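The next block is data_13.pdb, given as PDB, C-alpha atoms.
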ATOM      1  CA  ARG E 761      15.906  36.428  -2.976
ATOM      2  CA  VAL E 762      16.443  33.085  -1.269
ATOM      3  CA  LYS E 763      14.037  33.919   1.585
ATOM      4  CA  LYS E 764      11.082  34.585  -0.661
ATOM      5  CA  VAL E 765      11.488  31.625  -3.025
ATOM      6  CA  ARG E 766      12.073  29.167  -0.182
ATOM      7  CA  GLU E 767       9.289  30.497   2.043
ATOM      8  CA  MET E 768       7.305  29.725  -1.091
ATOM      9  CA  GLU E 769       8.781  26.252  -1.283
ATOM     10  CA  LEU E 770       7.338  26.188   2.233
ATOM     11  CA  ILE E 771       3.830  26.880   0.924
ATOM     12  CA  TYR E 772       4.389  24.626  -2.110
ATOM     13  CA  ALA E 773       5.554  21.778   0.122
ATOM     14  CA  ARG E 774       2.551  22.394   2.378
ATOM     15  CA  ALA E 775       0.583  21.833  -0.810
ATOM     16  CA  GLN E 776       2.529  18.722  -1.871
ATOM     17  CA  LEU E 777       2.139  17.572   1.718
ATOM     18  CA  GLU E 778      -1.655  17.609   1.505
ATOM     19  CA  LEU E 779      -1.562  15.970  -1.925
ATOM     20  CA  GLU E 780       0.466  12.984  -0.726
ATOM     21  CA  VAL E 781      -1.603  13.009   2.472
ATOM     22  CA  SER E 782      -5.051  12.580   0.951
ATOM     23  CA  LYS E 783      -3.545  10.464  -1.842
ATOM     24  CA  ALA E 784      -2.444   7.716   0.518
ATOM     25  CA  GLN E 785      -5.351   8.565   2.851
ATOM     26  CA  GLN E 786      -8.065   7.596   0.431
ATOM     27  CA  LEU E 787      -5.981   4.831  -1.127
ATOM     28  CA  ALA E 788      -5.905   3.545   2.456
ATOM     29  CA  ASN E 789      -9.669   3.868   2.840
ATOM     30  CA  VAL E 790      -9.870   1.993  -0.469
ATOM     31  CA  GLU E 791      -7.772  -1.038   0.415
ATOM     32  CA  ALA E 792      -8.799  -1.175   4.072
ATOM     33  CA  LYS E 793     -12.557  -1.254   3.464
ATOM     34  CA  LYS E 794     -11.806  -3.567   0.543
ATOM     35  CA  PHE E 795     -10.398  -6.148   2.922
ATOM     36  CA  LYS E 796     -13.023  -5.176   5.496
ATOM     37  CA  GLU E 797     -15.832  -6.386   3.249
ATOM     38  CA  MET E 798     -13.611  -9.253   2.079
ATOM     39  CA  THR E 799     -13.146 -10.754   5.543
ATOM     40  CA  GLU E 800     -16.525  -9.671   6.950
ATOM     41  CA  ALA E 801     -18.412 -11.365   4.111
ATOM     42  CA  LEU E 802     -15.999 -14.271   4.528
ATOM     43  CA  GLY E 803     -16.800 -14.931   8.172
ATOM     44  CA  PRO E 804     -14.690 -16.007  11.150
ATOM     45  CA  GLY E 805     -14.809 -19.775  10.692
ATOM     46  CA  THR E 806     -14.691 -19.589   6.906
ATOM     47  CA  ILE E 807     -11.407 -17.701   6.742
ATOM     48  CA  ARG E 808     -10.057 -19.761   9.655
ATOM     49  CA  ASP E 809     -10.510 -23.000   7.698
ATOM     50  CA  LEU E 810      -9.375 -21.434   4.412
ATOM     51  CA  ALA E 811      -6.105 -20.554   6.150
ATOM     52  CA  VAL E 812      -5.980 -23.729   8.293
ATOM     53  CA  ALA E 813      -6.002 -25.827   5.123
ATOM     54  CA  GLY E 814      -3.426 -28.175   6.597
ATOM     55  CA  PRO E 815      -3.481 -31.383   8.676
TER      56      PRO E 815
ATOM     57  CA  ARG U 761       6.784  30.151 -11.761
ATOM     58  CA  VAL U 762       7.613  27.116  -9.645
ATOM     59  CA  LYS U 763       4.930  27.936  -7.045
ATOM     60  CA  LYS U 764       2.079  27.957  -9.511
ATOM     61  CA  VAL U 765       3.011  24.834 -11.485
ATOM     62  CA  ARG U 766       3.699  22.801  -8.345
ATOM     63  CA  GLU U 767       0.624  23.990  -6.446
ATOM     64  CA  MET U 768      -1.026  22.626  -9.571
ATOM     65  CA  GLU U 769       0.879  19.376  -9.272
ATOM     66  CA  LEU U 770      -0.784  19.509  -5.856
ATOM     67  CA  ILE U 771      -4.251  19.587  -7.427
ATOM     68  CA  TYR U 772      -3.209  17.106 -10.141
ATOM     69  CA  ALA U 773      -1.855  14.698  -7.529
ATOM     70  CA  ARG U 774      -5.061  15.159  -5.528
ATOM     71  CA  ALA U 775      -6.718  13.997  -8.729
ATOM     72  CA  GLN U 776      -4.331  11.072  -9.309
ATOM     73  CA  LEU U 777      -4.823  10.280  -5.636
ATOM     74  CA  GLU U 778      -8.568   9.796  -6.059
ATOM     75  CA  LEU U 779      -8.035   7.816  -9.262
ATOM     76  CA  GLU U 780      -5.740   5.273  -7.610
ATOM     77  CA  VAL U 781      -8.013   5.376  -4.555
ATOM     78  CA  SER U 782     -11.266   4.334  -6.200
ATOM     79  CA  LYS U 783      -9.319   2.140  -8.639
ATOM     80  CA  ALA U 784      -8.052  -0.163  -5.915
ATOM     81  CA  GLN U 785     -11.195   0.547  -3.860
ATOM     82  CA  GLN U 786     -13.595  -1.029  -6.294
ATOM     83  CA  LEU U 787     -11.081  -3.651  -7.399
ATOM     84  CA  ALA U 788     -11.092  -4.515  -3.692
ATOM     85  CA  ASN U 789     -14.886  -4.649  -3.554
ATOM     86  CA  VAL U 790     -14.622  -6.886  -6.624
ATOM     87  CA  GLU U 791     -12.229  -9.500  -5.277
ATOM     88  CA  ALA U 792     -13.482  -9.367  -1.691
ATOM     89  CA  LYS U 793     -17.150 -10.007  -2.489
ATOM     90  CA  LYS U 794     -15.918 -12.508  -5.072
ATOM     91  CA  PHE U 795     -14.366 -14.605  -2.333
ATOM     92  CA  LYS U 796     -17.265 -13.709  -0.038
ATOM     93  CA  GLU U 797     -19.739 -15.517  -2.277
ATOM     94  CA  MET U 798     -17.103 -18.179  -2.978
ATOM     95  CA  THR U 799     -16.696 -19.215   0.659
ATOM     96  CA  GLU U 800     -20.272 -18.439   1.742
ATOM     97  CA  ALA U 801     -21.733 -20.666  -0.977
ATOM     98  CA  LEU U 802     -19.012 -23.167  -0.089
ATOM     99  CA  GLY U 803     -19.975 -23.522   3.558
ATOM    100  CA  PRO U 804     -17.958 -23.978   6.752
ATOM    101  CA  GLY U 805     -17.576 -27.756   6.735
ATOM    102  CA  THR U 806     -17.221 -27.974   2.965
ATOM    103  CA  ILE U 807     -14.194 -25.700   2.759
ATOM    104  CA  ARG U 808     -12.803 -27.233   5.964
ATOM    105  CA  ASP U 809     -12.713 -30.698   4.380
ATOM    106  CA  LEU U 810     -11.558 -29.366   1.000
ATOM    107  CA  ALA U 811      -8.550 -27.878   2.797
TER     108      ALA U 811
ATOM    109  CA  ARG G 761      26.290  39.120   4.058
ATOM    110  CA  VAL G 762      26.503  35.635   5.534
ATOM    111  CA  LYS G 763      24.331  36.550   8.545
ATOM    112  CA  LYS G 764      21.384  37.693   6.489
ATOM    113  CA  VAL G 765      21.342  34.867   3.934
ATOM    114  CA  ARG G 766      21.752  32.178   6.593
ATOM    115  CA  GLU G 767      19.237  33.668   9.026
ATOM    116  CA  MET G 768      17.050  33.335   5.951
ATOM    117  CA  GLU G 769      18.100  29.736   5.480
ATOM    118  CA  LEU G 770      16.805  29.607   9.051
ATOM    119  CA  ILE G 771      13.353  30.780   7.956
ATOM    120  CA  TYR G 772      13.517  28.680   4.769
ATOM    121  CA  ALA G 773      14.433  25.577   6.766
ATOM    122  CA  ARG G 774      11.618  26.383   9.198
ATOM    123  CA  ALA G 775       9.469  26.259   6.082
ATOM    124  CA  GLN G 776      10.992  23.023   4.742
ATOM    125  CA  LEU G 777      10.618  21.692   8.270
ATOM    126  CA  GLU G 778       6.849  22.177   8.243
ATOM    127  CA  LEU G 779       6.609  20.766   4.720
ATOM    128  CA  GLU G 780       8.320  17.495   5.639
ATOM    129  CA  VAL G 781       6.402  17.547   8.928
ATOM    130  CA  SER G 782       2.868  17.615   7.553
ATOM    131  CA  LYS G 783       4.001  15.528   4.568
ATOM    132  CA  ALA G 784       4.868  12.523   6.703
ATOM    133  CA  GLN G 785       2.180  13.544   9.219
ATOM    134  CA  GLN G 786      -0.728  13.053   6.881
ATOM    135  CA  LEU G 787       0.954  10.176   5.059
ATOM    136  CA  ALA G 788       1.027   8.658   8.551
ATOM    137  CA  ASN G 789      -2.656   9.382   9.136
ATOM    138  CA  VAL G 790      -3.210   7.763   5.734
ATOM    139  CA  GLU G 791      -1.445   4.461   6.331
ATOM    140  CA  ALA G 792      -2.331   4.203  10.018
ATOM    141  CA  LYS G 793      -6.094   4.593   9.589
ATOM    142  CA  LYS G 794      -5.740   2.405   6.501
ATOM    143  CA  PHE G 795      -4.545  -0.469   8.649
ATOM    144  CA  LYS G 796      -6.932   0.626  11.401
ATOM    145  CA  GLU G 797      -9.954  -0.107   9.224
ATOM    146  CA  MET G 798      -8.133  -3.126   7.777
ATOM    147  CA  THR G 799      -7.705  -4.893  11.118
ATOM    148  CA  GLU G 800     -10.872  -3.527  12.750
ATOM    149  CA  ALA G 801     -13.060  -4.803   9.909
ATOM    150  CA  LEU G 802     -10.988  -7.988  10.032
ATOM    151  CA  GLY G 803     -11.710  -8.789  13.665
ATOM    152  CA  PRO G 804      -9.620 -10.291  16.466
ATOM    153  CA  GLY G 805     -10.197 -13.983  15.788
ATOM    154  CA  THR G 806     -10.214 -13.565  12.019
ATOM    155  CA  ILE G 807      -6.742 -12.057  11.811
ATOM    156  CA  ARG G 808      -5.523 -14.444  14.525
ATOM    157  CA  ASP G 809      -6.432 -17.474  12.401
ATOM    158  CA  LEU G 810      -5.258 -15.837   9.165
ATOM    159  CA  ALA G 811      -1.838 -15.451  10.792
ATOM    160  CA  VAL G 812      -1.998 -18.753  12.730
ATOM    161  CA  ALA G 813      -2.395 -20.622   9.445
ATOM    162  CA  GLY G 814      -0.053 -23.341  10.648
ATOM    163  CA  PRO G 815      -0.397 -26.651  12.530
TER     164      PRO G 815
END
Go ahead and express the file in the form of structure tokens.
Amino acid sequence: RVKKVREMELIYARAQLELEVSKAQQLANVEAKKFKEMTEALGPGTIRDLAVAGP
Amino acid sequence: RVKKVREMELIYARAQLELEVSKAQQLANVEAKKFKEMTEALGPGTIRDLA
Amino acid sequence: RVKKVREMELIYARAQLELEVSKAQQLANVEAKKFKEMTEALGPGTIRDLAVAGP
């Protein structure tokens, strides 16, 4: 009884595994290429001065 | 009973995954190219002096 | 009685093992390649200045 249900919690957790995996995976692709285009369209010297706004 | 509903919470979370993904994805495109045009139309020396 | 149920908790924990394994495994792939693309699209000097925002 316990073997079968928990070997199934095995397969169910394999499932929930992949869900959380690709969840955060493509959320990561989202925010990472977000800030990719952010800073690439910014430019090296532009963001350097924007952050070095201090004498 | 638990297998089927939670393998479905698998597919539903795959769904909610992609929702949050492209949500923040295109919000990111939004704010990033926002500040892209901001600082590019500003110019290097302009923003340097402004800061 | 105890042997059989707990040798099964063996196989069930082998299962729960692999669930937690690939859970954190692909969550790791998620966040790691997230910050991969983050900092790679950033660039060496860009992130250096963004963090060296201080005189």
Q: Show me which bits of chain G are within 12 Å of chain U, counting all atoms listed in the file, as a list in words.
A: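 So the residues of chain G near chain U are residues 790, 794, 798 and 813 of chain G.
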Q.
Could you tell me, as a PyMOL selection string, exactly which residues end up selected when the PyMOL selection byres ((chain E and resi 783) around 8) is applied to this structure?
A. (chain E and resi 779-782+784-787) or (chain U and resi 773-774+776-778+781)
Writer output for current selection, C-alpha atoms, as a short mmCIF file (atom, residue, chain, number, x, y, z; two decimals), keeping the file's coordinate frame:
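The resulting file, again37.cif, is reproduced below:
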data_model
loop_
_atom_site.label_atom_id
_atom_site.label_comp_id
_atom_site.auth_asym_id
_atom_site.auth_seq_id
_atom_site.Cartn_x
_atom_site.Cartn_y
_atom_site.Cartn_z
CA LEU E 779 -1.56 15.97 -1.92
CA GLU E 780 0.47 12.98 -0.73
CA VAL E 781 -1.60 13.01 2.47
CA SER E 782 -5.05 12.58 0.95
CA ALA E 784 -2.44 7.72 0.52
CA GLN E 785 -5.35 8.56 2.85
CA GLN E 786 -8.06 7.60 0.43
CA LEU E 787 -5.98 4.83 -1.13
CA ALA U 773 -1.86 14.70 -7.53
CA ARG U 774 -5.06 15.16 -5.53
CA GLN U 776 -4.33 11.07 -9.31
CA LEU U 777 -4.82 10.28 -5.64
CA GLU U 778 -8.57 9.80 -6.06
CA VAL U 781 -8.01 5.38 -4.56
#
Explicit residue set for the ChimeraX specification (/G :<6) & /E, as a PDB file with C-alpha atoms, in the coordinates of the input:
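This went into out03.pdb:
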ATOM      1  CA  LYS E 763      14.037  33.919   1.585  1.00  0.00           C
ATOM      2  CA  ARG E 766      12.073  29.167  -0.182  1.00  0.00           C
ATOM      3  CA  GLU E 767       9.289  30.497   2.043  1.00  0.00           C
ATOM      4  CA  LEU E 770       7.338  26.188   2.233  1.00  0.00           C
ATOM      5  CA  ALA E 773       5.554  21.778   0.122  1.00  0.00           C
ATOM      6  CA  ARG E 774       2.551  22.394   2.378  1.00  0.00           C
ATOM      7  CA  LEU E 777       2.139  17.572   1.718  1.00  0.00           C
ATOM      8  CA  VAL E 781      -1.603  13.009   2.472  1.00  0.00           C
ATOM      9  CA  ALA E 784      -2.444   7.716   0.518  1.00  0.00           C
ATOM     10  CA  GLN E 785      -5.351   8.565   2.851  1.00  0.00           C
ATOM     11  CA  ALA E 788      -5.905   3.545   2.456  1.00  0.00           C
ATOM     12  CA  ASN E 789      -9.669   3.868   2.840  1.00  0.00           C
ATOM     13  CA  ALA E 792      -8.799  -1.175   4.072  1.00  0.00           C
ATOM     14  CA  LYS E 796     -13.023  -5.176   5.496  1.00  0.00           C
ATOM     15  CA  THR E 799     -13.146 -10.754   5.543  1.00  0.00           C
ATOM     16  CA  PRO E 804     -14.690 -16.007  11.150  1.00  0.00           C
ATOM     17  CA  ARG E 808     -10.057 -19.761   9.655  1.00  0.00           C
ATOM     18  CA  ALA E 811      -6.105 -20.554   6.150  1.00  0.00           C
ATOM     19  CA  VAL E 812      -5.980 -23.729   8.293  1.00  0.00           C
TER      20      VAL E 812
END
Q. Could you work out how far CA of residue 779 in chain U lies from CA of residue 796 in chain U, giving the answer in Å with one decimal?
A. 25.2 Å
